[PDB]
Undergrad: 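One structure is given below, represented as structure tokens, and several questions about it will come after.
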Amino acid sequence: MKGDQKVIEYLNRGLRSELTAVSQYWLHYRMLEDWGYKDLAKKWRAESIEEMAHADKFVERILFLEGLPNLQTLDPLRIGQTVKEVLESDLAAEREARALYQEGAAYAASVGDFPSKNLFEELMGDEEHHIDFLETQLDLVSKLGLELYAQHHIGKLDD
Amino acid sequence: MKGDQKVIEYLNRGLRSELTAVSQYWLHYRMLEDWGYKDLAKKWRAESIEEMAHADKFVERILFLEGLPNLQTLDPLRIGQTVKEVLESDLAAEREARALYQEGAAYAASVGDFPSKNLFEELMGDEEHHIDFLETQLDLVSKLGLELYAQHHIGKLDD
Amino acid sequence: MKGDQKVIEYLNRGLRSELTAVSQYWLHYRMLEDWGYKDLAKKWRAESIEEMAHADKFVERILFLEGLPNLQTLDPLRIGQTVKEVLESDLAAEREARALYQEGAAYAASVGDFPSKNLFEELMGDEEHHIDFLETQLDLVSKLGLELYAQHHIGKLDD
Amino acid sequence: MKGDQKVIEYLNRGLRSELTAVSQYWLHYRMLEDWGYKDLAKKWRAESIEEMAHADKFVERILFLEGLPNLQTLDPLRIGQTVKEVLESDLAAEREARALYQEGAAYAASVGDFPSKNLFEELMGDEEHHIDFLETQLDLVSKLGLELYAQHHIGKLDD
Amino acid sequence: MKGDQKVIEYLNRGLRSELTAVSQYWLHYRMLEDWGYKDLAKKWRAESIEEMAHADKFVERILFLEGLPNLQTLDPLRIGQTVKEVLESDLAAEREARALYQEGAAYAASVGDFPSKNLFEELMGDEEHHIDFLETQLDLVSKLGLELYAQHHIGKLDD
Amino acid sequence: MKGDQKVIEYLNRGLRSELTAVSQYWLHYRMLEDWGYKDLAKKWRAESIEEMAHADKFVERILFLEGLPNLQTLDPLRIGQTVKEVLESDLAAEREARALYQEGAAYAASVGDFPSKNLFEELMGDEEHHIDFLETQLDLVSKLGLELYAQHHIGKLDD
Amino acid sequence: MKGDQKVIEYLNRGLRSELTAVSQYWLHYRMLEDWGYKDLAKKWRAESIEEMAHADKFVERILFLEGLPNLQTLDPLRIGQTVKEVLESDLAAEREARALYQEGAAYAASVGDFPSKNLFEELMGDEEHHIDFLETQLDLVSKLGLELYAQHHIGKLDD
Amino acid sequence: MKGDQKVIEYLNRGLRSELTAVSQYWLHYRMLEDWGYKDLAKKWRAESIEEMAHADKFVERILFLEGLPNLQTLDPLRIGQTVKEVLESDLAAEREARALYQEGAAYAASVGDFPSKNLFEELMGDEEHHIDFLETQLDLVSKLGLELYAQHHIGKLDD
Amino acid sequence: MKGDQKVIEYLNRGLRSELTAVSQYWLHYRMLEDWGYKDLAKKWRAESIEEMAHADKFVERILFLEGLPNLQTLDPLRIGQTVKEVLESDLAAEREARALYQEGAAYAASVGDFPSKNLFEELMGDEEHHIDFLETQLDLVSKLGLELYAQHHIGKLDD
Amino acid sequence: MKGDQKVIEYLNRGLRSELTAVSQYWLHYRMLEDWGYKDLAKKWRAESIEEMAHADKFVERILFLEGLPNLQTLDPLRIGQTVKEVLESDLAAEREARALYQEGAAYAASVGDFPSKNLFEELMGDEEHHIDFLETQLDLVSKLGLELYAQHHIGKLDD
Amino acid sequence: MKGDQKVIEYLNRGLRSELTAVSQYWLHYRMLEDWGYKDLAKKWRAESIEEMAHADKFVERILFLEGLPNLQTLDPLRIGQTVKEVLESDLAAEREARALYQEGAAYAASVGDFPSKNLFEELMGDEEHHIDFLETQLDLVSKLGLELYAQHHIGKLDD
Ligand code: HEM
Ligand code: HEM
Ligand code: HEM
Ligand SMILES: [Fe+3]
Ligand SMILES: [Fe+3]
Ligand SMILES: [Fe+3]
Ligand SMILES: [Fe+3]
Ligand SMILES: [Fe+3]
Ligand SMILES: [Fe+3]
Ligand SMILES: [Fe+3]
Ligand SMILES: [Fe+3]
Ligand SMILES: [Fe+3]
Ligand SMILES: [Fe+3]
Ligand SMILES: [Fe+3]
Ligand SMILES: [Fe+3]
Ligand SMILES: [Fe+3]
Ligand SMILES: [Fe+3]
Ligand SMILES: [Fe+3]
Ligand SMILES: [Fe+3]
Ligand SMILES: [Fe+3]
Ligand SMILES: [Fe+3]
Ligand SMILES: [Fe+3]
Ligand SMILES: [Fe+3]
Ligand SMILES: [Fe+3]
Ligand SMILES: [Fe+3]
């Protein structure tokens, strides 16, 4: 069904934002695993896979509106080199994603494309829940110090 | 463990190659679904997920060798606009991936990095199996014509 | 609870639109079965029953707002006499339904009747998914020809 | 138990005929798989394995009669390069096998070796059932054309 | 995918070598059964079936590389007329098969055909395990004498 | 149904031959048990019971053809006084039974009594399988010596 | 596969003989049920259904030999008007069927059509077993009188 | 099968290396348990048992190649007297084992002993995974301090 | 808890004696397997694993008494080159182990270290049971001859 | 049975020592629970209940020897007011208990009362295992500091 | 293994003592059953069977030490003619057995035969438990009188 061009442009911007998050969180998952924080690595793997589902929803909506999904490029990755930098890098990215979806939802609403608007609002609520998770981890790091926070999430040793 | 820099560079080249395949095949999956060939869409989804596991293997080996995995960029995507063009696009990409892994394996072998060499040779055998699959689909299209080939894989209607 | 008169008028227009779809798709289901396309008949039966649930949601919301649901009349039915005409007839109807719900949602939003607005937006997303299904069937008919498309969905013979 | 020399010669001719069929049908199975006709490849694999059991019955009967089974050589293989040539090649081979078993059964009957006669007659009935299968596939190819016949047996894509 | 011609020639040599082993061991299985050593007959049947899987692996790789598998001929069969001669015959054949796969692996490695090299090296390790088995049986025959060795493996009488 | 007199005479000769085998093998079963070869005793018990079923088939066919089955007399029993004599005695008897059934089958075939002919041919195949078993036991005795052969079949001691 | 014309003529005569038996025994089944002999009605129903399988085997063999099965006509039916006449009528028919299959088997054997010969011989053994059943029922009627024989097979009353 | 003497010498060197690791890690397991770090003791027990399987693989390959496995001596043990020293001691040993297997694999490859080369390369990849584990523990000790790292792995108290 | 120095010296001598037995019996297990005596190989594997548990008990008791377990060295290994030499070599070793534990138990008793005394006495009873097993195998070899003894324990062939 | 008076006196001293341990460890269990270290409280409860079984064994042995068990008095309790004092208090008590059982065992042995001697030696081994546990907890407190040690054993909060 | 002669003499004295107890308690079991005290008969049967296991342990230890177990003779039996005499007779025997095992254990300990010493001490503890049972029954008889004691153990009547 032919969609509004500008809504499709917002969908493609959101697709790029998710593709960035998928790779940033996957590499952070593998970094946390390499540093030994297996329980943080678990959660980051799961979070990357949630971003993969978001990416796929934008691909599907762009095609239905007869647009061309563009997976060629990512936004710049922010890669942390301590557990606190990983938290701060992902928080920054998620704040940008939330602001993009807020704008995409408002634009879609303005042209009557209510299903695209509900897609952006659903994604904006999901990224606010991830923001809430990341802010809570940074709150623990500030109250306990980074070492006590990270040590609690080393996890169990593999059989 | 500090790795050979040039093996790490081959690993990062392979990581980019897999990231490209993941997105090329995922978009092709969603295209085949949008066109209505649900049985080809199923297989392409599964193939993209196999490429995601390959990508993750390169990330893990790069970090173990104390390199920096680079997920920022992809090789150029080849996007097909008919079922035959999707087959041809993916075959071309997999041929490049196979040659890169052949080279990577021989290079690692030359510096005694036998685990990295075995990672490349395992991936090169997996990409040859995908090349086998794609050449067989193209063989069917040449013997039956594209319409008879595609129509067999429309699949079932969703409940 | 006394509702906005004009929102109730949009709900009653939507009820008529669904009642039309229920009968158009049921008769098309029975036509596809009589022509022998049992797998298309299955999907059309299911689609008619999904429209019956939509009809019932408008009846329930109209009564809660103390309006009088009017089931006396349908919009004009569009009845196809080939598999391609069935697809085109249902697509045309669904485009009109989607535009009505877009308008109903915007009107309800303008008077603060957010539950009626969410009902129209939920229905507008559901009819866009049916539009997507119908457009995909027409895409197959254009790429393969009507005979190859229909033959794939003849289905199995009854015991 | 010492058998009739000439019956043992017919058993050894039958062993060679089965060993030929085993390899002809196995290579055709793998050819049909490489061309993409997975449901024809399935049936040819099974047919080759049925010929393997026939081969083994001749080995066992030759030893019991104190002869020397000769597995060194095959009859000339007939290898098809299209689905129709595969059908015609196997049909030709099976006609020759049936005529050999007819003759072997009659010869064994003439010398009172009724168990060897029943072995040849059992095998001759089994090869007539395969002849019936192959002739039916060629009947479909002549009534529908090779493309419609082969396309129906492409099968499902591997997980 | 077009393969190196000389690797395809090594693959076809290996195919002939396996076809020879399948028939040598199947006939030896049936000989051991006819002589009454049912436990040696069981193992030889199982070993012949392992060789059948090896044969099939060469057929599949030859077709993938667009070569023509040749099942027409076998290498000369070595048929033993005592349990010790069966052991010696099969050991001699497996030594030749091992040397052929060693050569085939080194050749494929030299042209970068790493999947074919891994197929040869996998087969060469499997034939070394069979060489280990056969040398162990010959060791028992030399330490205990052939009659004590063979008598232990008569097995049970059929119901 | 009135049968051919001479076919009934062959059936009655076969009945006497089976009744002889039943008692010869039962007494040999009990002799092998008394000597201690419990696993040979098991097989001989089972073989006697297979001969009992053969005897019963001749009784049933003779009555259906309105003849008088004669169970009054046996052929002379051959009773072995070592394990090798038991094998040789039963082999001699079974060779005579096989020759009788060969002749009975040919005679019945000559008068069109195809069901009696198939009964004799079925029995002739079954006695050839017993001949094969007995010859194999004598082959073991000649290759290993009687003591090693018999000792392997002493069996387990009763609880 | 083109069969011998005269064997196909014997197969078509056998098809007519079975089609006669199917209807004669079905009507006798329903007559015995109407007279009240429910246990004889059960057996006759089952016997008719066994004749239906025989009929189908002749249809299948005639088509495989590229003949034209003729189901248009039956041999004259013999319908009994007492339980003893039913037994005598079916016995007469079965004697004629047995003689036909004897002749068909001998003719097929004479032209080497061993699978058709085995079909006739299998059917001739099956009709001899039915002859045996019918003769036994007439033996009971002669020893006990028709009333005691029939009364024992009245059966149970329907719920 | 007679092996290359120098490959057998590399195998015996590897056997000594594994015997050393088995005892170093078993004693470290029992030390960690005595100090109270029950979760580190669990993993070290499991790692020592993995080294026992490696040792056994060298024994088996040495005997197959007709060499004499030498279990008499170990390389010098490095025993740690703090949790950090145990990590450092085991890392140093595994680095030596990895270099030995790299050398052994390259040497075997040079003489065509591909099964022994694959044994060394498999072991070299397993020791690299253990090196990865030990480097990660040392990374945690450097980022958190030894007391926080060790305290997380005290484990549970025994019932 | 600080132990008696001399008791710890006896514990460390016992640890060396067990470490010797573990490797002597493991290599003998693998030798018996390579010679083909699979049922003797099974028992020797199990016996080596029982010695591994003894070794571990000495490690644990030495640490609890604040001594330093020494795993660096073994006593000289005695490696047999026939089944009888394997039995005699292990018997000699076990006699030395039993005498050591007798002495260790008496010494520990003399200094009141009753738990170490009970450890030595438990181990001395376990090694007497192994002495009993080994002497019984040598008794069989002397009464039956080595060939009949070893042949009974060849075992079953691997699937 | 009348026992040795002095052995009964040692049994009664041991009964008093166990009764002291039961109450010291039960009160420490309840103290650790009141301070919040639920996982240390669990282990101390279990340890007190193990001491209750020891107490009961002395009661039973004293009565069998016709002595009078005296439960009226305890040795002085040592009650800790920090987690480290609890560990040190219980360690001191257990050292005294171990020395008493060592002496009781030696005395009983001197008068031939071997069952009482084995009771004391069994108890002395059990108290050495508790000494080992307590020393390990104090080792953790010295390596990690009391706070990190105790915090790891706070446990879970009650539902 | 050659044992100490005098320890073997003590083992043989213990074997005689157990063989006496087995028969004394079995006859008392059967006497108590004949008098009607079925619950005392149950316990005496079980006690005799416990003595049978003791007897067997002495047989096994005597043979392992290469002595000759002597089962030819018993010590004099003490057979009671009232329930109280049965208790007193068995108590007297068990006191003698306990004193013998005390002496045997001390002697074995003096020559370092610690496994024989532990066998005697285990048996001495088991006979003290039986002494305890018998003394308790005599205590009941003295406190309640023989009639009330015996009547409580008459038991239930057999079905
Ligand atoms: C186009 C970008 C991607 C999309 C649209 C995508 C989509 C998906 C989806 C939808 C799934 C779950 C599939 C299911 O559960 O049925 C999945 C799984 C997974 N993806 Fe991705 N993915 C993408 C990129 C990546 C990247 C860049 C990696 C790692 C480098 C990755 C690694 C994985 C893995 C390992 C799984 C399966 C995990 C498991 O089975 O536990 N994906 N992906
Ligand atoms: C002497 C010639 C051969 C004989 C007598 C023979 C006999 C047999 C028999 C009797 C079986 C089934 C065994 C069972 O189910 O227990 C079997 C299985 C098989 N054979 Fe053969 N075979 C022969 C040649 C071949 C050839 C030439 C190939 C392929 C190149 C082949 C591939 C196989 C495979 C793959 C199986 C097992 C299939 C499965 O498990 O699904 N065989 N063969
Ligand atoms: C320090 C010397 C050793 C000690 C203390 C030791 C200890 C152990 C223990 C306690 C087990 C059983 C573990 C369980 O069942 O949870 C075990 C298993 C085993 N050990 Fe050892 N071991 C030692 C040396 C060896 C040697 C030298 C080898 C072979 C060369 C060996 C091969 C094995 C194997 C293969 C297993 C597992 C067997 C199975 O799972 O069936 N061990 N070892
Ligand atoms: Fe997202
Ligand atoms: Fe997010
Ligand atoms: Fe890949
Ligand atoms: Fe791929
Ligand atoms: Fe609707
Ligand atoms: Fe709709
Ligand atoms: Fe065949
Ligand atoms: Fe065939
Ligand atoms: Fe092979
Ligand atoms: Fe092989
Ligand atoms: Fe018979
Ligand atoms: Fe027979
Ligand atoms: Fe019939
Ligand atoms: Fe019939
Ligand atoms: Fe290792
Ligand atoms: Fe390791
Ligand atoms: Fe030991
Ligand atoms: Fe031992
Ligand atoms: Fe205690
Ligand atoms: Fe304690
Ligand atoms: Fe006793
Ligand atoms: Fe007793």
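Counting starts at 1 for both ligands and their atoms, in listed order. As a basis for the values below, the full set of heavy atoms in this structure was taken, side chains included, without hydrogen atoms, waters or symmetry mates. Lettering follows sequence order; numbering is per chain, from 1.
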Undergrad: Test side-chain hydrogen bond (donor to acceptor under 3.5 Å, both in side chains) on C:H54 and C:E127 and set out the steps.
TA: CA-CA 10 Å; C:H54 284 175; C:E127 301 324 28; 3.2 Å; yes
Undergrad: Take the Fe ion (ligand 8) and tell me which protein N, O or S atoms are nearer than 2.8 Å.
TA: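 Near the Fe ion (ligand 8), the protein supplies C:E18 OE1, C:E18 OE2, C:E51 OE1, C:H54 ND1, C:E127 OE2.
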Undergrad: How many angstroms lie between OG1 in C:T136 and NE2 in C:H130, if you round to the nearest 0.5 Å?
TA: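 NE2 of C:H130 is found 11.0 Å from OG1 of C:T136.
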Undergrad: CZ/A:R78 to NE2/A:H28 distance, rounded to the nearest 0.5 angstrom?
TA: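 Separation between the atoms: 10.5 Å.
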Undergrad: Measuring only between side-chain heavy atoms, which start at C-beta, is C:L134 closer than 4.5 Å to C:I131?
TA: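 No, side chains not in contact.
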Undergrad: Got a second to check how far C:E121's CD is from C:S116's OG, nearest 0.5 Å?
TA: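 Output value for this atom pair is 11.5 Å.
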Undergrad: Look up atom CD in C:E94 and atom CG in C:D132, then write down how far apart they are to the nearest 0.5 Å.
TA: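 It is 11.5 Å, given to the nearest 0.5 Å.
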